[PDB]
Amino acid sequence: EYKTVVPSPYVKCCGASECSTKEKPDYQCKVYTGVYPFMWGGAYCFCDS
Amino acid sequence: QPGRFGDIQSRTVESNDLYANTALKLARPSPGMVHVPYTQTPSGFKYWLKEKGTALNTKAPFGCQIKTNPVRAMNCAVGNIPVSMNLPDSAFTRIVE
Amino acid sequence: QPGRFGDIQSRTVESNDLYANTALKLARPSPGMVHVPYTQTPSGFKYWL
Amino acid sequence: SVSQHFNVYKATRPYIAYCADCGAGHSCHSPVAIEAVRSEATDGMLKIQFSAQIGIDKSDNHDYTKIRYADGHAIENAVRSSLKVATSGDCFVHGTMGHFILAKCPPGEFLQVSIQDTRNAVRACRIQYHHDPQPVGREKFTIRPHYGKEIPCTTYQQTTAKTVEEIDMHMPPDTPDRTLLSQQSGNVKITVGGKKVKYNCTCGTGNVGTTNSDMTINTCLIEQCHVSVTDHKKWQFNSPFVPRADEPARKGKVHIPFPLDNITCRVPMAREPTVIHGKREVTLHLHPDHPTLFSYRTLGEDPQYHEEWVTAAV
Amino acid sequence: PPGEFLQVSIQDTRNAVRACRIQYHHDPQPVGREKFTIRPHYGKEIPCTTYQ
Ligand SMILES: *[C@@H]1O[C@H](CO)[C@@H](O[C@@H]2O[C@H](CO)[C@@H](O)[C@H](O)[C@H]2NC(C)=O)[C@H](O)[C@H]1NC(C)=O
Ligand SMILES: *[C@@H]1O[C@H](CO)[C@@H](O[C@@H]2O[C@H](CO)[C@@H](O)[C@H](O)[C@H]2NC(C)=O)[C@H](O)[C@H]1NC(C)=O
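So the protein lines, in turn, are chains A, B, C, D and E.
Numbering (PDB author numbering) for the first sequence: 865 to 913.
Numbering (PDB author numbering) for the second sequence: 1011 to 1107.
Numbering (PDB author numbering) for the third sequence: 1011 to 1059.
Numbering (PDB author numbering) for the fourth sequence: 334 to 647.
Numbering (PDB author numbering) for the fifth sequence: 439 to 490.
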């Protein structure tokens, strides 16, 4: 039986980060634009989009 | 292939190389949330354990008792064994006595 | 016959004799233990019911 | 030593994570959020991982009757006799160590873990997990017998010693907060509260940076500035529900308790069946007490195998 | 949760128990096309009715 390792997501405020390939089994990485993460205190970054 | 036996394979227990094919498709996070979603076909090993079938233990012909470690079959009754023997002269008895 | 109807029989409710055949078997007690292990076919009357 | 077995836990701290459904069909940021459930043991003793640790007091010291948990920016404390785990009825907590609870549970569909707050409130996190164990052997019993056979089967021990497997831990990120901003006529005031605070603002020029005291900036608005706690000298579990810090480098590893061990565990012997003879046939009366597996085969050239799950008398 | 009988109970002034029980076959099926048990953290929103 396998296990799926997922690390904590990366969030960048007012910036774009591209991710590069790696030599791991079934490595899958993606980048998404226009996100407004929330937390238990409030907003995370100024940049709305 | 994903979902069946052999979804992940390794040449040996301690090998450092692993081949996996399980359809790790990622998805966009929901607005106003901090999480990472993913859809993956369940482990094929558990599925195979669920409906493997019938073992050779309860199917082997000729009343062949199957054991593991090492893999072997015991008390399998088939055929005949030829025996060649060489006897000493001290195991017989003379005609006179 | 054990397991079916009429495993225990009696001529009447008040009779003092009884015929029983339920395949009572006793087993050797487990080591380091005090008990009495027995195996016996379930009551035929409940099965009939 | 047992207290010395906690040498690692001096470097960690609880965290707050997102329960999608946390008691009343509502999403909440709970301090008892469930992360993963592992059920590799054949006996069926679930191991549960959740945000709050057990065995450490808020002063970072050994205690077996006390639980430390995250609340706001602080670490509060609760009693251990107020811990409940349940699938459908009430569950039995066999052991517990730090980030892990080792329990045994009846069949069900959902799993709920709940503790008591310092204000005597109840905090619960509940998820979906199809649990339905079948004991080793060929019979599905429910309670151990007092006469039977011993079969090898695997369980989780209570030893806290070093184990091969490990969990990664990293540096906690900045925690946004808004209750650290106040208005004074035409200026904004931020309070340190005893922790380093990072601020960004757009009013004027050169109003960005970090502080350890109560600052006041004139001609600014509440909705125009961001403040966040920044110190975070402790460690935190890498969880997919908390954003990762700027550094993409792993910070450390911590051993997990309760390894997997091979023990002997008990099964009952089925009742002997009733045999009726015949002309090259037999008739078997089967009287099961539990679902039992029945199989047969012939010892000829080509065998006629068969196997089934007998449940009722046949 | 799913069941067959519904019972409502209170306590009394003298610390007695007063409960009454009726029969009600209750098994609720969530809206949509999936027979789930607990809410997920990533999914779809569907119109649905409750008590305010
Ligand atoms: C502080 O906040 C300001 C805006 O509130 C950020 O400035 C933005 O930076 C991005 C990229 O650097 C630009 O695309 C925007 O146009 C900027 N906004 C403004 C109003 O100028 C700034 O990056 C933030 N700095 C920190 C350290 O958080
Ligand atoms: C159950 O018992 C078996 C038999 O010893 C254990 O299997 C061995 O484990 C050791 C680990 O130190 C290996 O070096 C051997 O190669 C294993 N033997 C075989 C035949 O595979 C097994 O580890 C026990 N179960 C658990 C949970 O420890």
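We treat Cβ as the ideally placed atom computed from N, Cα and C, and that holds for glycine.
| Item | Value |
| --- | --- |
| Per DSSP, cross-strand counterpart(s) of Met1084/B | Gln1075/B |
| Environment of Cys883/A [buried if 16+ CB atoms lie within 10 Å] | exposed |
| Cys911/A to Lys894/A span [Cα, whole Å] | 20 angstroms |
| Helix, strand or coil at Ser334/D [DSSP, three-state] | coil |
| Per-residue burial, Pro601/D [other beta carbons within 10 Å of its own, 16 or more giving buried] | buried |
| Extent of the continuous beta strand (DSSP E) to which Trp642/D belongs | 639–643 |
| Ligand 2 heavy atom lying under 7 angstroms from the CB of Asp594/D | yes |
| Ligand 1 heavy atom lying under 7 angstroms from the CB of residue 710/D | Nothing can be reported for residue 710/D, as the shown portion of chain D is limited to 334 through 647. |
| Residue of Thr1022/C, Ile1018/C, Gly1042/C, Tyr1057/C minimising C-alpha distance to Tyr1029/C | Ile1018/C |
| Interface flag, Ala353/D vs chain E, CB-CB below 8 angstroms | yes |
| DSSP-derived helix/strand/coil call for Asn340/D | coil |
| Cα-Cα separation between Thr451/D and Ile367/D, rounded to whole angstroms | 20 angstroms |
| Residues that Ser384/D bridges to, as DSSP identifies them | Looking at the DSSP assignment, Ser384/D forms no beta bridge with any residue, so it has no partner. |
| Cβ-heavy atom distance, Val541/D to ligand 1, below 7 angstroms | yes |
| Run of the beta strand (DSSP E) containing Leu1034/C, from where it starts to where it stops | Looking at the DSSP string, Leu1034/C is not in any beta strand (DSSP E), and its letter there is neither H nor E. |
| Selection from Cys458/E, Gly470/E, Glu442/E, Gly481/E that minimises the alpha carbon distance to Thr487/E | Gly470/E |
| Within 9 angstroms of chain D by C-beta, residues of the stretch 1038–1056 of chain B in sequence order | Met1043, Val1044, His1045, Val1046 |
| Ordered list of beta strand (DSSP E) runs contained in the stretch 353–379 of chain D, each at least 3 residues | 361–363, 367–371 |
| 8 angstroms Cβ cutoff met for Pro573/D and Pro873/A | yes |
| Residue burial classification, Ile523/D (beta-carbon count within 10 angstroms, cutoff 16) | buried |
| Burial state of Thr538/D (16 or more Cβ within 10 Å) | exposed |
| Spatially closest choice to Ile434/D from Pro478/D, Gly388/D, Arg456/D, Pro468/D, by CA coordinates | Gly388/D |
| Burial state of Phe383/D (16 or more Cβ within 10 Å) | buried |
| Proximity test, Cβ basis, 8 angstroms: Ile476/E and chain D | yes |
| Selected residue, minimal CA-CA separation from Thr631/D, among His623/D, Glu499/D, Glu605/D, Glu640/D | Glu640/D |
| Residue burial classification, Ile381/D (beta-carbon count within 10 angstroms, cutoff 16) | buried |
| Residue burial classification, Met1084/B (beta-carbon count within 10 angstroms, cutoff 16) | exposed |
| Chain-ordered chain D contacts of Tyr908/A [CB-CB under 8 angstroms] | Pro509, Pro576 |
| Stretch-stretch touch, CB-based, cutoff 8 angstroms, three pairs: the stretch 495–503 of chain D with the stretch 579–586 of chain D | yes |
| Own chain partners of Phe474/D with C-beta closer than 8 angstroms, once the 5 adjacent residues on each side are dropped | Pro468, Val600, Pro601, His623 |
| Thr492/D: CB within 7 angstroms of a non-hydrogen atom of ligand 2 | no |
| DSSP state of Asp594/D mapped onto helix, strand, coil | strand |
| Test: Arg471/D CB closer than 8 angstroms to a CB of chain B | no |
| Neighbourhood of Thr1032/C by C-beta distance below 7 angstroms, restricted to the same chain and skipping five residues each side | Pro1012, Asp1017, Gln1050, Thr1051 |
| Spatial distance of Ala645/D from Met903/A (CA atoms) | 56 angstroms |
| Beta-bridge pairing of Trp904/A - partner residues as DSSP gives them | Answer is none; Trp904/A lacks a bridge partner. |
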